[PDB]
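Q: If you read the sequence shown in the entry's author numbering, its first letter stands for residue 13, the second for the next number, and so on.
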Amino acid sequence: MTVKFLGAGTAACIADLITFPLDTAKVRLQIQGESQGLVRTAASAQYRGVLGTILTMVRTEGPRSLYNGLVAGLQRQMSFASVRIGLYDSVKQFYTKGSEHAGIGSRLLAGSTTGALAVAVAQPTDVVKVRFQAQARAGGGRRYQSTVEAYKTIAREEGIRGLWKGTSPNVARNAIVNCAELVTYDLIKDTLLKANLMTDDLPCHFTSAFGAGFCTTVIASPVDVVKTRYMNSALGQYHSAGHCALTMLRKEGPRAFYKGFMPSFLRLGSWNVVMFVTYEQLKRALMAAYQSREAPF
Numbered sequence: 013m014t015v016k017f018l019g020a021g022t023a024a025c026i027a028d029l030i031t032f033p034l035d036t037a038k039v040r041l042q043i044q045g046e047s048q049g050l051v052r053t054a055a056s057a058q059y060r061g062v063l064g065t066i067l068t069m070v071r072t073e074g075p076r077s078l079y080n081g082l083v084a085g086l087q088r089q090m091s092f093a094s095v096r097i098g099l100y101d102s103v104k105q106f107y108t109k110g111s112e113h114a115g116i117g118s119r120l121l122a123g124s125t126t127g128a129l130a131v132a133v134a135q136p137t138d139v140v141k142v143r144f145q146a147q148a149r150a151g152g153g154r155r156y157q158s159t160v161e162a163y164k165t166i167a168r169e170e171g172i173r174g175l176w177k178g179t180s181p182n183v184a185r186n187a188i189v190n191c192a193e194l195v196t197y198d199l200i201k202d203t204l205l206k207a208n209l210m211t212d213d214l215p216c217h218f219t220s221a222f223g224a225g226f227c228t229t230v231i232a233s234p235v236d237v238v239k240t241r242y243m244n245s246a247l248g249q250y251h252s253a254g255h256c257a258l259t260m261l262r263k264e265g266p267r268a269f270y271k272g273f274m275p276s277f278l279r280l281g282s283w284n285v286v287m288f289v290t291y292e293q294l295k296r297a298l299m300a301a302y303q304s305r306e307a308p309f
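Structure follows, in structure tokens:
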């Protein structure tokens, strides 16, 4: 029997499949900071052709190479649903709690405090997975490396700071969305939430949302746009976020933002599909009252 957990359960499975091949395209689409000098002797060896690159990976190691690690990708997906067994109900009940006739500020403080606290317990899996994909050229040294082995060796040469590279901005990312969320969230409550679902015309409310849906996405786009600009560089003399603001005003007019934005746009098409799958469940749900009735009683 299906349910909300399993509906979500079906959700996590489809989204990463059509999205995993996406990462390989972004990195190739780079001037190749490798500059190993290999590029100048041969400035090609990999056309934009996305069909081309995916073909290249299997013949690189072998067919067993695509099915090797396959068990590791799922476990990625395995933990997301498991944590939502507690961190979902927990931050969620922390922000929508009845209350009395206010507490919007309280919710910011509860949400800001709890979320920051939550990253505290879980985080190492998220940092390693991006870094893990980056560790390239298969892997030699008789015994094949692993997650436990992978974390420690780069840490010896690179240190803690190497590791925090993503950790610090990730926390910042959480704050802005929530910050963005409270301003945004107010708007959803006003429509169709004046007294929570109080109409038999279910199809009517949905159509209102879609038209509404396109308008919200434009609001959604800005967090995505700023991220791509970064690509302009990597590593240097950037102490914290604030150094960018002083630097940006002095050099590189605000026009630089308008230019360079092809990756995010590409992200937007793929990113758009993931929201759609949740909508699909809403479109097609369970269908048996007696079955649903028996579970809660």
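By construction, the Cβ of each residue, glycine as well, lies at the ideal position given by its N, Cα and C atoms.
Return helix, strand or coil for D236, following the three-state DSSP convention.
A: Reduced to three states, the DSSP call for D236 is helix.
Q: For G117 versus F106, is the C-beta spacing smaller than 9 Å?
A: Result no, Cβ atoms of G117 and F106 do not sit closer than 9 Å.
Q: Note down the Cα distance separating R305 from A232, rounded to an integer number of angstroms.
A: Using only the alpha carbons, I get a separation of about 38 Å.
Q: Touch check for the segment 18-32 and the segment 289-297: three-plus C-beta pairs under 8 Å?
A: The segment 18-32 vs the segment 289-297: in contact.
Q: Let me know the alpha helix (DSSP H) ranges lying completely inside the segment 175-258, each 4 residues or longer, listed in chain order.
A: Counting whole runs of 4 or more residues, the segment 175-258 contains the alpha helix (DSSP H) stretches 214-242.
Q: Let's test the definition: count the other Cβ atoms within 10 Å of the Cβ of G127 and tell me whether it reaches 16, buried, or not, exposed.
A: Buried, since its Cβ has 16 or more Cβ neighbours within 10 Å.
Q: Can you tell me whether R241 is buried or exposed? The criterion is at least 16 other CB atoms within 10 Å of its CB, across all chains shown.
A: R241 comes out buried.
Q: Is the beta carbon of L86 closer than 9 Å to that of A134?
A: No.
Q: Does the beta-carbon of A27 have 16 or more other beta-carbons within 10 angstroms, so that it is buried, or is it exposed?
A: Flag for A27 reads buried.
Q: I'd like to know whether the C-beta atoms of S91 and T31 end up nearer to each other than 9 Å.
A: It is not a contact, given that the beta carbons lie outside the stated cut-off.
Q: Could you tell me whether the segment 138-154 touches the segment 176-184, where touching means 3 or more Cβ pairs closer than 8 Å?
A: Contact holds: three or more Cβ-Cβ distances are below 8 Å.
Q: Assign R173 to one of three DSSP states: helix, strand, or coil.
A: If DSSP states are grouped into helix, strand and coil, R173 belongs with the helices.
Q: Run through DSSP, which three-state label would residue 313 get?
A: Because the chain spans 13 through 309 in this model, residue 313 falls outside it and cannot be assessed.
Q: Can you tell me whether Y163 is helix, strand or coil according to DSSP?
A: Correct three-state label for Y163: helix.
Q: Cα separation between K271 and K263?
A: Near 15 Å, if we compare the C-alpha coordinates of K263 and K271.
Q: Return yes when the Cβ of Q145 is within less than 9 Å of the Cβ of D35, no when it is not.
A: Contact: yes.
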